[PDB]
Amino acid sequence: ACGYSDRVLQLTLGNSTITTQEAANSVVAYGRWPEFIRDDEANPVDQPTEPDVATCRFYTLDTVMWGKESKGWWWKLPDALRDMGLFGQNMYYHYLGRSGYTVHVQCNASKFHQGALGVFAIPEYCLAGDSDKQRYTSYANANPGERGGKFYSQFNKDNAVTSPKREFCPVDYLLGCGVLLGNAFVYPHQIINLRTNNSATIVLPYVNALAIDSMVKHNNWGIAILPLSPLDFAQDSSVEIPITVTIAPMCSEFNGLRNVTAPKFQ
Amino acid sequence: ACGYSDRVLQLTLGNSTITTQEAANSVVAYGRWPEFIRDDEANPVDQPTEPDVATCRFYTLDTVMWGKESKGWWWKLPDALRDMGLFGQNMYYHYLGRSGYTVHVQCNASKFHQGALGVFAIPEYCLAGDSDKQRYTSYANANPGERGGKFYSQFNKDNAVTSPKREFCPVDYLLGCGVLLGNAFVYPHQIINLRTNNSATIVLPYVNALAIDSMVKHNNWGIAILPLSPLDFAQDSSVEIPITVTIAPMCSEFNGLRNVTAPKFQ
Amino acid sequence: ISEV
Amino acid sequence: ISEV
Amino acid sequence: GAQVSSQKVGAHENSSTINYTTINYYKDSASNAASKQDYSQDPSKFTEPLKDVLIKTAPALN
Amino acid sequence: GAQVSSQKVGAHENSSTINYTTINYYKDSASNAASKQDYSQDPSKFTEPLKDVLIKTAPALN
Amino acid sequence: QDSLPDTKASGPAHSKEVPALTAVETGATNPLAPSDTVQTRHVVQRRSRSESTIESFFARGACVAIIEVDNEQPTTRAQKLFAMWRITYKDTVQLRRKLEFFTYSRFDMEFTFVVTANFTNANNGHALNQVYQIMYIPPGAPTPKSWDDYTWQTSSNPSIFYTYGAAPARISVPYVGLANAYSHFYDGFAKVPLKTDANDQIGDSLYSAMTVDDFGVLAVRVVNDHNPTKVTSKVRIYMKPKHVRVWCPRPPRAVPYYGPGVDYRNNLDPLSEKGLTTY
Amino acid sequence: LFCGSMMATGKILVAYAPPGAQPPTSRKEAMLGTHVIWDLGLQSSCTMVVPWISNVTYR
Ligand SMILES: CCOC(=O)c1ccc(OCCCCC2CCN(c3ccc(C)nn3)CC2)cc1
Ligand SMILES: *C(=O)CCCCCCCCCCCCC
Ligand SMILES: *C(=O)CCCCCCCCCCCCC
């Protein structure tokens with residue numbers, strides 16, 4: 001009653017609040033809300049750290065621009081947040097860390113613009129590489145941090161054998177991983193179709209073969225954003241609109257405290 | 001019953017445990033155990049961060065050496081812990097922070113050594129300066145971090161007017177602050193007298209004119225260690241034994257989260 | 001037996 | 001039987 | 001220890017419920033055959049992961 | 001003479017307690033298989049052979 | 001009963017209720033039935049999904065390996081008097097693709113062994129029936145250097161002694177994972193490069209790979225001392241997952257596999273040419 | 001176990017760092033993980049428990 005709607009949401013976590021007046025409802029991945037490790041599923045015996053409001057709040061990543069040639073963007077979790085305030089510090093000071101996430105993807109335009117973003121949350125998003133060499137992508141390349149990576153329309157094999165790039169070569173219609181993109185919809189997702197909605201909101205539970213794992217060694221969720229339908233406007237052949245990704249950790253807990261991990265990203 | 005004693009203690013906080021077989025009981029400053037801010041004494045309205053085991057554990061500072069000429073050492077809290085793991089990160093990411101402390105001072109020798117350490121926990125330990133210029137000690141000099149500062153047997157006025165040192169000149173019998181050292185015993189304290197005990201253990205409550213304050217701008221407690229009776233051994237005129245200070249934050253809570261404070265210690 |  |  | 005269940009009879013002989021008998025011979029359950037009596041479930045966690053699940057005759061967006 | 005016991009079920013099929021049946025065919029118990037239902041015990045005769053066994057929070061030597 | 005829902009009789013409509021319209025942007029599939037959009041009759045439905053249950057889908061013994069072992073005069077150069085295979089479902093493609101519809105799995109495993117043999121050469125006399133030893137060597141255990149060295153003593157490792165000509169050998173394996181479920185996909189590394197490392201090889205690892213030995217090996221040999229004439233044998237291993245559970249669905253592999261990970265190399269063009277308005 | 005003379009005294013820090021970071025080279029780094037400060041005295045021996053802190057259920 002009163003005047004409520006499927007399109008207007010307010011998300012509040014910690015000292016951060018997001019408003020949206022053009023949502024397309026919101027997704028809870030696999031019907032499961034984030035939760036803490038239960039005593040009967042517990043494995044590390046040491047008393048956990050639960051930083052609560054200091055880590056479970058909204059971090060906004062660097063904005064990417066969507067234009068007519070944009071083939072797509074990808075991110076990995078927890079990696080995109082490794083340098084995010086106290087969440088990042090907690091991740092690198094503990095051997096173990098589990099956390100769920102609220103993902104809020106932002107992209108507004110105008111009633112005369114056109115285009116549709118496919119936003120996909122993929123469990124264990126293993127990506128394909130550069131080379132004749134199998135399973136050879138380097139850690140530093142596998143993990144772009146906040147920057148994320150991109151997709152390509154086709155497979156350019158990194159030829160230079162002698163001093164190899166050791167990078168991923170994610171081809172768009174193959175979801176960067178040897179499968180057809182049209183089936184990516186079996187993964188938790190939303191579509192930002194510009195005539196309908198400004199944004200997508202996906203709530204992610206911790207998903208793993210274990211209750212807790214190494215956040216530095218292993219990414220749990222991949223965020224893939226691909227243009228299902230290309231950006232278009234009026235007749236201006238070189239349109240560009242911003243896409244902004246804001247992500248919040250949820251029910252974060254950490255075990256195995258010691259001196260800080262300093263990975264080598266060179 | 002069974003075999004228990006005033007001299008043998010085990011202190012456990014977080015993933016850290018201290019044992020001692022030669023204690024002289026332990027002091028709880030002003031009869032008050034550390035506690036969290038109560039709702040009816042609360043002032044900042046934002047939901048606090050309580051890092052618990054990740055910050056409320058024992059940090060061991062760099063060891064100092066006690067020799068026949070050692071006039072004394074001093075430290076300030078929270079300053080001595082500003083770079084200590086996740087406690088330090090929480091201190092610098094929040095405008096407000098309150099915390100109590102367990103202070104454990106360590107100094108063993110042998111039944112043939114001699115000497116007595118006066119260990120004092122002082123609320124608001126304002127120290128005296130260098131100069132003709134009053135209240136002129138610089139922030140970077142007022143705050144030695146983990147290193148602490150020292151005492152002097154006498155007042156050497158920093159003469160160089162033109163490019164002033166802006167340092168403290170803490171004279172030992174004046175407790176570095178214009179009073180007589182013999183009265184420092186009205187402050188919470190223990191004595192490490194080497195024929196009696198290896199160590200001192202003082203539990204400090206948060207003490208302030210406010211329930212919570214800026215930890216970066218203001219130190220709550222000063223730790224002063226002065227040799228009440230000089231170190232002596234056999235006939236060897238240049239004896240030296242280590243003093244080690246281990247400190248644990250207790251009931252730590254933080255308010256006012258934002259981007260990290262990076263003070264200039266140059 | 002355990003006839004279901 | 002001897003079902004335990 | 002014999003376990004008795006009804007068969008789902010497809011082509012019925014010209015001759016009602018028919019049964020089959022099972023006995024486990026080994027202590028380790030890994031050694032056991034497959035019961036093949038498998039319960040199903042709703043697809044909704046996949047077909048409808050929405051926080052506000054709405055009814056098909058109403059407007060999806062409101 | 002059939003003997004019926006519960007299996008400790010590890011990986012559960014998508015289909016509760018499952019059982020297995022045993023029968024001894026021979027008069028000599030040496031011929032029998034291994035029950036593998038083995039009870040355990042305290043290590044104390046090895047970890048603590050002390051005439052006065054003391055409690056861990058008290059001083060070992062007093 | 002396990003039959004699917006009956007079709008309800010549905011008549012004409014003139015209303016403000018519009019099941020036919022929706023918004024896929026939400027992430028949802030429209031829950032429609034024939035009666036929401038056309039007039040339907042009552043159908044008592046008897047069909048069922050019995051054969052497409054997870055157990056029924058995997059309830060089949062699939063070929064995962066062909067191990068070849070020779071029985072001949074131990075000469076002195078690289079021979080096949082014994083062989084070793086790392087246990088995996090990835091040397092073959094068919095079962096691999098089926099398991100990979102899902103991210104995680106948990107199950108017991110049934111192994112069946114078909115052994116075939118033949119005479120390698122035109123003729124030197126013949127061979128008396130062979131017994132084969134299939135030994136499981138879990139990670140950590142001593143691996144054989146010689147077809148009849150002490151490791152084959154098998155005091156603690158499980159071994160099967162198969163007689164040629166007998167019904168194919170069969171055993172069952174419990175769920176043996178270090179985790180609560182088997183990961184068909186692992187987006188991570190076994191090691192992390194640290195800023196303080198000496199060479200930057202200390203922290204190097206294969207992407208997606210977890211443990212170095214995974215689940216160990218099957219060492220196979222002919223227990224028989226060699227005949228004068230050589231006999232060559234092949235052991236075909238059929239794997240069946242039983243008492244199966246699976247989590248998190250995935251798109252099936254659309255392009256040819258290129259090694260143990262998700263890497264693709266070529267034949268990246270899975271779909272045929274068909275005109276937009278052609279039936 | 002301290003097998004020194006009874007006139008000998010000392011305090012020792014023994015520690016356990018769960019995997020993932022740089023293996024400790026300084027007491028400063030070691031202090032930060034699981035640890036016991038052992039004081040030598042009449043009770044001759046000290047016990048540090050290495051708690052089960054693992055990602056996998058079995059190593
Ligand atoms: C590498 C990718 O594949 C997997 O993740 C994966 C996961 C699970 C799998 O299950 C196999 C694990 C059990 C390994 C072996 C355990 C014991 N085995 C035996 C043992 C004894 C004998 C005589 N014969 N076989 C044969 C299998 C196999 C592969
Ligand atoms: C429950 O099983 C009681 C009834 C037993 C009937 C006779 C079973 C004959 C088969 C014996 C199986 C022995 C397996 C080791
Ligand atoms: C107890 O065993 C009474 C039930 C017997 C059930 C039938 C057993 C059939 C197997 C007979 C075993 C004969 C062994 C010499």
# chains A, B, ... in the order shown; residues from 1 in each chain; ligands from 1
$ residues_near_ligand --ligand "ligand 2" --cutoff "10 Å" --atoms "only C-alpha atoms and all ligand atoms" --output "PyMOL selection string"
(chain C and resi 1-2) or (chain D and resi 1-3) or (chain E and resi 1-3+22-27) or (chain F and resi 1-5+19-25+33)
$ write_last_selection --atoms "N, CA and C atoms" --output "compact mmCIF listing (two decimals), in the first residue's frame"
# COMPACT_ATOMS: atom_id res chain seq x y z
N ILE C 1 12.86 -57.80 8.32
CA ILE C 1 12.89 -56.97 7.11
C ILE C 1 12.61 -55.48 7.37
N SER C 2 12.85 -54.65 6.34
CA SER C 2 12.58 -53.22 6.41
C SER C 2 11.67 -52.79 5.24
N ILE D 1 16.93 -63.83 13.71
CA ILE D 1 18.04 -62.88 13.53
C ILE D 1 18.61 -62.34 14.84
N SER D 2 19.76 -61.65 14.75
CA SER D 2 20.40 -61.02 15.90
C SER D 2 20.64 -59.52 15.62
N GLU D 3 19.77 -58.81 14.88
CA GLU D 3 19.93 -57.36 14.58
C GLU D 3 20.53 -56.47 15.70
N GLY E 1 17.61 -58.06 7.42
CA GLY E 1 18.07 -56.81 6.77
C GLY E 1 17.53 -56.56 5.35
N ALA E 2 16.78 -57.51 4.78
CA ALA E 2 16.12 -57.32 3.49
C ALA E 2 15.19 -56.12 3.42
N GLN E 3 15.34 -55.41 2.35
CA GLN E 3 14.60 -54.19 2.07
C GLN E 3 13.65 -54.42 0.89
N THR E 22 16.07 -56.03 -1.82
CA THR E 22 17.46 -55.61 -1.76
C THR E 22 18.11 -55.96 -0.44
N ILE E 23 19.35 -56.44 -0.46
CA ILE E 23 20.12 -56.69 0.76
C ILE E 23 21.53 -56.16 0.58
N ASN E 24 22.01 -55.33 1.49
CA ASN E 24 23.40 -54.90 1.48
C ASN E 24 24.34 -55.91 2.10
N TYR E 25 25.34 -56.30 1.34
CA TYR E 25 26.32 -57.29 1.77
C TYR E 25 27.58 -56.74 2.43
N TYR E 26 27.76 -55.43 2.32
CA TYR E 26 28.99 -54.81 2.79
C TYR E 26 28.81 -53.71 3.81
N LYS E 27 29.74 -53.61 4.75
CA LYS E 27 29.74 -52.57 5.77
C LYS E 27 29.91 -51.14 5.26
N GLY F 1 20.27 -66.94 12.06
CA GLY F 1 21.61 -66.49 12.47
C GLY F 1 22.11 -65.18 11.83
N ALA F 2 21.35 -64.60 10.90
CA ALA F 2 21.67 -63.30 10.32
C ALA F 2 21.82 -62.18 11.33
N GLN F 3 22.85 -61.43 11.13
CA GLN F 3 23.24 -60.32 11.99
C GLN F 3 23.07 -59.00 11.23
N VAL F 4 22.29 -58.05 11.72
CA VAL F 4 22.02 -56.79 11.00
C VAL F 4 22.52 -55.52 11.68
N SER F 5 23.35 -54.74 11.00
CA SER F 5 23.90 -53.50 11.58
C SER F 5 23.77 -52.28 10.71
N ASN F 19 21.22 -50.34 6.38
CA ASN F 19 21.83 -51.48 7.04
C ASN F 19 22.55 -52.49 6.19
N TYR F 20 23.35 -53.35 6.81
CA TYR F 20 23.96 -54.45 6.10
C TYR F 20 23.80 -55.74 6.90
N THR F 21 23.79 -56.86 6.19
CA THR F 21 23.54 -58.14 6.81
C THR F 21 24.74 -59.06 6.74
N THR F 22 24.99 -59.75 7.83
CA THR F 22 26.10 -60.69 7.93
C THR F 22 25.67 -62.06 8.40
N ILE F 23 26.18 -63.13 7.81
CA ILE F 23 25.94 -64.49 8.28
C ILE F 23 27.25 -65.26 8.29
N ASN F 24 27.59 -65.88 9.41
CA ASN F 24 28.74 -66.77 9.46
C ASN F 24 28.45 -68.16 8.94
N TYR F 25 29.22 -68.59 7.98
CA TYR F 25 29.06 -69.90 7.35
C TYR F 25 29.87 -71.04 7.95
N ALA F 33 35.04 -63.10 8.96
CA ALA F 33 35.54 -61.81 8.54
C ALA F 33 35.80 -60.89 9.74
$ residues_near_ligand --ligand "ligand 1" --cutoff "9 Å" --atoms "only C-alpha atoms and all ligand atoms" --output "CSV table (one decimal) with N, CA and C atoms, in the first residue's frame"
chain,number,residue,atom,x,y,z
G,86,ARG,N,47.7,-41.4,-13.6
G,86,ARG,CA,47.1,-40.5,-12.6
G,86,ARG,C,45.6,-40.6,-12.7
G,87,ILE,N,45.0,-40.9,-11.6
G,87,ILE,CA,43.5,-41.0,-11.6
G,87,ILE,C,42.8,-39.7,-11.9
G,88,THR,N,42.0,-39.7,-13.0
G,88,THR,CA,41.3,-38.5,-13.4
G,88,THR,C,40.1,-38.8,-14.4
G,89,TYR,N,39.2,-37.9,-14.5
G,89,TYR,CA,38.2,-38.0,-15.5
G,89,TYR,C,38.5,-37.2,-16.7
G,90,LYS,N,39.6,-36.5,-16.7
G,90,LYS,CA,40.0,-35.6,-17.8
G,90,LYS,C,40.9,-36.1,-19.0
G,96,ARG,N,33.7,-36.1,-18.7
G,96,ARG,CA,34.2,-34.8,-18.3
G,96,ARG,C,33.1,-33.7,-18.6
G,105,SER,N,30.6,-31.2,-6.9
G,105,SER,CA,30.0,-32.5,-6.8
G,105,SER,C,30.4,-33.3,-5.6
G,106,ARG,N,29.6,-34.3,-5.2
G,106,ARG,CA,30.0,-35.2,-4.1
G,106,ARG,C,29.4,-36.5,-4.4
G,107,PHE,N,30.2,-37.6,-4.4
G,107,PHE,CA,29.8,-38.9,-4.7
G,107,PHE,C,30.8,-40.1,-4.4
G,108,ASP,N,30.3,-41.3,-4.4
G,108,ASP,CA,31.1,-42.5,-4.3
G,108,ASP,C,31.5,-42.9,-5.7
G,109,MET,N,32.6,-43.6,-5.9
G,109,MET,CA,33.0,-43.9,-7.3
G,109,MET,C,33.2,-45.4,-7.5
G,110,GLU,N,32.5,-46.0,-8.5
G,110,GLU,CA,32.7,-47.4,-8.9
G,110,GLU,C,33.6,-47.6,-10.1
G,111,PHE,N,34.7,-48.3,-9.9
G,111,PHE,CA,35.7,-48.6,-11.0
G,111,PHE,C,35.6,-50.1,-11.5
G,112,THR,N,35.4,-50.2,-12.8
G,112,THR,CA,35.3,-51.5,-13.5
G,112,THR,C,36.5,-51.6,-14.5
G,133,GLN,N,48.3,-57.2,-11.7
G,133,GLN,CA,48.2,-56.5,-10.4
G,133,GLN,C,48.0,-55.0,-10.7
G,134,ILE,N,46.8,-54.5,-10.2
G,134,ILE,CA,46.5,-53.1,-10.3
G,134,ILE,C,46.6,-52.6,-8.8
G,135,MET,N,47.7,-51.8,-8.6
G,135,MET,CA,47.9,-51.2,-7.3
G,135,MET,C,47.6,-49.7,-7.2
G,136,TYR,N,46.8,-49.3,-6.2
G,136,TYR,CA,46.6,-47.9,-6.0
G,136,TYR,C,47.7,-47.3,-5.1
G,137,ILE,N,48.4,-46.3,-5.6
G,137,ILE,CA,49.4,-45.6,-4.8
G,137,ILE,C,48.9,-44.2,-4.5
G,138,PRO,N,48.4,-44.0,-3.3
G,138,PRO,CA,48.0,-42.6,-2.8
G,138,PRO,C,49.2,-41.6,-2.7
G,157,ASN,N,48.9,-50.2,0.8
G,157,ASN,CA,48.2,-49.8,-0.4
G,157,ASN,C,47.1,-50.8,-0.9
G,158,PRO,N,45.9,-50.5,-1.4
G,158,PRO,CA,45.0,-51.5,-1.9
G,158,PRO,C,45.5,-52.0,-3.2
G,159,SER,N,45.5,-53.3,-3.4
G,159,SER,CA,45.7,-53.9,-4.8
G,159,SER,C,44.7,-54.8,-5.3
G,160,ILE,N,44.4,-54.8,-6.6
G,160,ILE,CA,43.6,-55.9,-7.2
G,160,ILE,C,44.4,-56.8,-8.0
G,161,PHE,N,44.2,-58.1,-7.8
G,161,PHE,CA,44.8,-59.2,-8.6
G,161,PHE,C,43.7,-59.8,-9.5
G,170,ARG,N,35.9,-55.3,-10.4
G,170,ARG,CA,35.2,-54.2,-9.9
G,170,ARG,C,35.3,-53.8,-8.5
G,171,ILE,N,35.6,-52.6,-8.2
G,171,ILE,CA,35.7,-52.1,-6.8
G,171,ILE,C,34.9,-50.7,-6.6
G,172,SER,N,34.7,-50.4,-5.4
G,172,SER,CA,34.1,-49.1,-5.0
G,172,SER,C,35.0,-48.3,-4.2
G,173,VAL,N,34.9,-47.0,-4.4
G,173,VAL,CA,35.8,-46.0,-3.6
G,173,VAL,C,34.9,-45.0,-2.9
G,174,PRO,N,35.1,-44.7,-1.6
G,174,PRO,CA,34.3,-43.7,-0.9
G,174,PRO,C,34.5,-42.3,-1.4
G,175,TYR,N,33.7,-41.3,-0.9
G,175,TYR,CA,34.0,-39.9,-1.3
G,175,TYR,C,35.3,-39.5,-0.5
G,176,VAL,N,36.4,-39.2,-1.3
G,176,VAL,CA,37.7,-39.0,-0.7
G,176,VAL,C,38.3,-37.6,-0.7
G,177,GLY,N,37.5,-36.7,-1.0
G,177,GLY,CA,37.9,-35.3,-1.1
G,177,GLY,C,38.4,-34.6,0.2
G,182,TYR,N,33.8,-32.1,-4.2
G,182,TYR,CA,34.8,-32.0,-5.3
G,182,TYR,C,34.6,-30.7,-6.1
G,183,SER,N,35.6,-30.0,-6.3
G,183,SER,CA,35.6,-28.8,-7.2
G,183,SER,C,35.8,-29.1,-8.6
G,184,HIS,N,34.9,-29.1,-9.5
G,184,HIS,CA,35.1,-29.3,-10.9
G,184,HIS,C,35.9,-28.1,-11.6
G,185,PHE,N,35.8,-27.0,-10.9
G,185,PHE,CA,36.4,-25.7,-11.3
G,185,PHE,C,37.0,-25.0,-10.1
G,209,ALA,N,44.9,-25.2,-11.0
G,209,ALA,CA,45.3,-26.4,-10.3
G,209,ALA,C,45.4,-26.3,-8.8
G,210,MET,N,45.1,-27.4,-8.1
G,210,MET,CA,45.1,-27.4,-6.7
G,210,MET,C,46.2,-28.2,-6.1
G,213,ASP,N,49.6,-33.9,-6.8
G,213,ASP,CA,49.2,-35.2,-7.2
G,213,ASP,C,47.8,-35.5,-7.3
G,214,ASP,N,46.9,-34.6,-7.1
G,214,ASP,CA,45.5,-34.8,-7.0
G,214,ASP,C,45.1,-36.0,-6.1
G,215,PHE,N,44.8,-37.2,-6.7
G,215,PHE,CA,44.4,-38.4,-6.0
G,215,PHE,C,45.3,-39.6,-6.1
G,216,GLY,N,46.6,-39.4,-6.6
G,216,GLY,CA,47.5,-40.5,-6.8
G,216,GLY,C,47.4,-41.2,-8.1
G,217,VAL,N,48.0,-42.4,-8.1
G,217,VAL,CA,48.1,-43.2,-9.3
G,217,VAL,C,47.7,-44.7,-9.2
G,218,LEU,N,47.3,-45.2,-10.3
G,218,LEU,CA,47.2,-46.7,-10.4
G,218,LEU,C,48.4,-47.3,-11.1
G,239,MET,N,34.6,-45.8,-15.3
G,239,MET,CA,34.3,-45.0,-14.1
G,239,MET,C,32.8,-44.7,-14.0
G,241,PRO,N,30.2,-42.6,-11.3
G,241,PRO,CA,29.8,-41.9,-10.0
G,241,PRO,C,28.5,-42.5,-9.4
G,260,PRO,N,43.8,-29.8,-19.2
G,260,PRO,CA,43.0,-30.1,-17.9
G,260,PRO,C,42.2,-28.8,-17.4
$ calpha_fit_and_write --fixed "chain E" --moving "chain F" --output "tab-separated table (two decimals) with C-alpha atoms, in the first residue's frame"
chain	number	residue	atom	x	y	z
F	1	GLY	CA	18.07	-56.81	6.77
F	2	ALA	CA	16.12	-57.32	3.49
F	3	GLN	CA	14.60	-54.19	2.07
F	4	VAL	CA	11.37	-54.49	-0.03
F	5	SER	CA	10.02	-51.87	-2.48
F	6	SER	CA	7.39	-51.55	-5.22
F	7	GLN	CA	8.48	-51.53	-8.84
F	8	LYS	CA	7.03	-48.79	-11.11
F	9	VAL	CA	5.60	-51.26	-13.62
F	10	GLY	CA	5.78	-50.12	-17.26
F	11	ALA	CA	4.61	-52.91	-19.68
F	12	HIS	CA	2.18	-55.12	-17.71
F	13	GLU	CA	2.08	-58.83	-18.49
F	14	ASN	CA	-1.39	-60.26	-19.17
F	15	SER	CA	-1.43	-62.10	-15.73
F	16	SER	CA	-1.61	-54.92	-9.17
F	17	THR	CA	1.69	-54.12	-7.31
F	18	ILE	CA	5.00	-55.94	-7.92
F	19	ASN	CA	8.01	-55.78	-5.59
F	20	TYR	CA	11.77	-56.18	-5.53
F	21	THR	CA	14.12	-57.11	-2.71
F	22	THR	CA	17.46	-55.61	-1.76
F	23	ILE	CA	20.12	-56.69	0.76
F	24	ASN	CA	23.40	-54.90	1.48
F	25	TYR	CA	26.32	-57.29	1.77
F	26	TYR	CA	28.99	-54.81	2.79
F	27	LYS	CA	29.74	-52.57	5.77
F	28	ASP	CA	30.94	-49.58	3.70
F	29	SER	CA	28.02	-47.64	2.11
F	30	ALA	CA	30.30	-46.73	-0.83
F	31	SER	CA	29.93	-50.42	-1.84
F	32	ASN	CA	26.17	-50.08	-2.12
F	33	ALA	CA	24.23	-49.93	-5.32
F	34	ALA	CA	22.16	-46.89	-6.23
F	35	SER	CA	18.65	-46.79	-4.75
F	36	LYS	CA	17.40	-44.70	-7.72
F	37	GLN	CA	14.44	-43.50	-5.66
F	38	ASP	CA	15.21	-39.86	-6.04
F	39	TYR	CA	13.10	-37.04	-4.71
F	40	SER	CA	12.81	-33.87	-6.85
F	41	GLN	CA	12.68	-30.10	-6.02
F	42	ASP	CA	11.52	-26.67	-7.16
F	43	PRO	CA	13.61	-24.89	-9.91
F	44	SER	CA	12.89	-21.46	-8.25
F	45	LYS	CA	16.42	-20.91	-6.85
F	46	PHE	CA	17.44	-20.86	-10.54
F	47	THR	CA	14.23	-19.75	-12.37
F	48	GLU	CA	13.27	-17.08	-9.82
F	49	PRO	CA	16.10	-15.81	-7.49
F	50	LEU	CA	14.15	-12.55	-6.79
F	51	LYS	CA	14.07	-10.90	-3.37
F	52	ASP	CA	10.43	-9.94	-3.97
F	53	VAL	CA	9.00	-12.94	-5.88
F	54	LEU	CA	6.06	-11.76	-7.88
F	55	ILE	CA	3.00	-13.51	-9.22
F	56	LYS	CA	2.78	-14.16	-13.03
F	57	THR	CA	-0.52	-12.28	-13.65
F	58	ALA	CA	0.76	-9.03	-12.10
F	59	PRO	CA	3.20	-6.62	-13.94
F	60	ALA	CA	6.83	-7.84	-13.53
F	61	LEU	CA	7.90	-4.25	-13.14
F	62	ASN	CA	5.69	-2.01	-11.12
$ closest_residue --among "A:114, A:168, A:120, A:228" --to "residue 136 of chain A" --atoms "only C-alpha atoms"
A:168
$ interface_residues --of "chain A" --to "chain E" --cutoff "8 Å" --atoms "only C-alpha atoms" --output "JSON, numbers by chain"
{"A": [5, 6, 7, 24, 25, 26, 27, 28, 29, 30, 31, 186, 187, 188]}
$ interface_residues --of "chain H" --to "chain B" --cutoff "10 Å" --atoms "only C-alpha atoms" --output "short mmCIF file (atom, residue, chain, number, x, y, z; two decimals) with C-alpha atoms, in the first residue's frame"
data_model
loop_
_atom_site.label_atom_id
_atom_site.label_comp_id
_atom_site.auth_asym_id
_atom_site.auth_seq_id
_atom_site.Cartn_x
_atom_site.Cartn_y
_atom_site.Cartn_z
CA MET H 7 70.78 -20.68 38.37
CA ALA H 8 69.99 -19.93 34.72
CA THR H 9 67.01 -17.71 33.89
CA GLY H 10 65.31 -16.43 30.71
CA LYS H 11 62.23 -15.56 28.70
CA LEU H 13 58.87 -16.45 22.66
CA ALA H 15 55.30 -19.00 17.80
CA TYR H 16 53.01 -20.30 15.05
CA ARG H 27 60.46 -11.64 16.56
CA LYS H 28 58.54 -8.55 15.51
CA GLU H 29 56.82 -10.50 12.75
CA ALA H 30 56.47 -13.70 14.81
CA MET H 31 54.73 -11.86 17.71
CA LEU H 32 51.78 -11.19 15.37
CA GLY H 33 50.72 -14.81 15.06
CA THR H 34 49.82 -17.53 17.61
CA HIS H 35 52.40 -17.51 20.40
CA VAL H 36 53.45 -18.29 23.94
CA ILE H 37 55.97 -16.31 26.03
CA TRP H 38 57.75 -18.96 28.10
CA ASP H 39 59.32 -17.90 31.38
CA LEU H 40 62.06 -20.29 32.59
CA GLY H 41 61.69 -21.33 36.26
CA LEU H 42 60.78 -24.35 38.54
CA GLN H 43 58.31 -25.70 36.01
CA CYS H 46 56.53 -25.13 28.16
CA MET H 48 52.64 -24.34 22.72
CA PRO H 51 45.48 -24.94 16.88
#
$ select_by_dssp --residues "segment 170-207 of chain A" --states "strand (DSSP E or B)" --output "compact mmCIF listing (two decimals) with C-alpha atoms, in the first residue's frame"
# COMPACT_ATOMS: atom_id res chain seq x y z
CA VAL A 171 36.57 -14.25 -25.90
CA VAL A 179 31.13 -22.27 -23.38
CA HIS A 189 22.10 -12.42 -13.19
CA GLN A 190 20.20 -9.28 -14.15
CA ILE A 191 19.98 -7.29 -17.38
CA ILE A 192 20.40 -3.50 -17.46
CA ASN A 193 18.26 -2.75 -20.50
CA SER A 199 20.85 -0.61 -12.50
CA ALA A 200 21.31 -4.18 -11.34
CA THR A 201 21.46 -5.48 -7.75
CA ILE A 202 22.71 -8.98 -7.02
CA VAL A 203 23.11 -10.41 -3.51
CA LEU A 204 25.84 -13.09 -3.39
$ atom_distance --atom1 "atom CA of residue 58 of chain H" --atom2 "atom CA of residue 84 of chain G"
25.7 Å
$ decode --residues "segment 40-44 of chain F" --atoms "N, CA and C atoms" --output "PDB file, in the first residue's frame"
ATOM      1  N   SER F  40      37.172 -47.740  21.189  1.00  0.00           N
ATOM      2  CA  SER F  40      38.485 -47.166  21.486  1.00  0.00           C
ATOM      3  C   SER F  40      38.824 -47.141  22.967  1.00  0.00           C
ATOM      4  N   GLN F  41      39.866 -46.399  23.393  1.00  0.00           N
ATOM      5  CA  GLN F  41      40.227 -46.313  24.823  1.00  0.00           C
ATOM      6  C   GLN F  41      41.025 -45.047  25.117  1.00  0.00           C
ATOM      7  N   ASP F  42      41.216 -44.768  26.396  1.00  0.00           N
ATOM      8  CA  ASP F  42      42.068 -43.667  26.826  1.00  0.00           C
ATOM      9  C   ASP F  42      43.570 -43.908  26.534  1.00  0.00           C
ATOM     10  N   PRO F  43      44.341 -42.955  26.017  1.00  0.00           N
ATOM     11  CA  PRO F  43      45.804 -43.047  25.960  1.00  0.00           C
ATOM     12  C   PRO F  43      46.543 -42.963  27.298  1.00  0.00           C
ATOM     13  N   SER F  44      45.910 -42.516  28.393  1.00  0.00           N
ATOM     14  CA  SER F  44      46.567 -42.348  29.700  1.00  0.00           C
ATOM     15  C   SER F  44      47.598 -43.345  30.187  1.00  0.00           C
TER      16      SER F  44
END
